[PDB]
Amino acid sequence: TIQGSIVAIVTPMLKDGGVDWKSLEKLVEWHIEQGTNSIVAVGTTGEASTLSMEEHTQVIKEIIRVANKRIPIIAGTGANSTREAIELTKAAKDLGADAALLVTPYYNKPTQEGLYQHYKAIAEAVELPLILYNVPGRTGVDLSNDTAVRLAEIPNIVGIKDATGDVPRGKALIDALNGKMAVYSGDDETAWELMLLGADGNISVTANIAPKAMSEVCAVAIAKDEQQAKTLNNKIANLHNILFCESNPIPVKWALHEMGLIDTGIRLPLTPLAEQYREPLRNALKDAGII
């Protein structure tokens, strides 16, 4: 049921890597003021990989606290162990998250049936809406449309974040599902098109730095206004490219630092955006009216 612009929020950090709680609070308030419809806490963009289990709980807890029921909060709770995904998803439920986002198991390369059993076990263990997340380039595995369609029959499986950026494939998935569960874009470059074709929203990186603009792109695309969607998306299209010059969230964190919103903290093995990309990124932000 969650629709619109759903920001995959960064986890602001101090220079030493510690979570920057004060900056986080201000970012959440800013998203709400600017029109962001929902926040994914501790997803890929929020450096789930380098936060401790305690830090994961704390970030989810703080975002929910600051949000104060104004928008729904989705907790990133994916793991490449089914046992661990259960524990994380249960924790999110207990914290009062509205849903959980669960990337396919990465690195261990389960079969399609293994993916099915993984999500089914989690759905049966935890009464919380669950959103699947497919991003083959990062995980080593591709949850097929066919497996996605099977999983949409499982109670508590309510959607999928499709980060393939393959529009014909995404449309085919939307059409096959016929409303049985939601489809979210996980590719900012093509999100506007997927929403025009029936996606429920965009779980967005670009929304981190252009929340008002992305909230508008999603509103018009969901409303099926093809021309407004093209026009509004065009204004920020360069941002969708430049935020991936190095692996996300490296560029988006630097963008936010240049906007004066967060400090430079980022956890190894990730690194601050390479010096050479900083001027080009400043130029793209200036071009789009962000700074």
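Start at 1 with the first residue shown and count on from there.
Looking at mean Cα B-factors across 244-252 and 22-30, the upper value is held by 22-30. Between 165-173 and 115-123, the higher mean Cα B-factor belongs to 165-173. Within the listed group 270, 273, 9, 281, the record reports its top CA B-factor for 281. Within the group 223, 232, 259, 41, the record's highest C-alpha temperature factor is found at 259. Among the modelled residues of the chain, residue 134 sits in the lowest third by CA temperature factor in this PDB entry. For residue 155, the recorded CA B-factor ranks within the highest third of the chain. Only modelled residues enter the ranking.
Placement of the Cα temperature factor of residue 142 within the chain: lowest third of the modelled residues, per the deposited record. Among the modelled residues of its chain, residue 109 has a C-alpha B-factor that falls in the lowest third according to the deposited record. Per the PDB record, residue ranking by Cα B-factor puts residue 185 in the lowest third of the chain.
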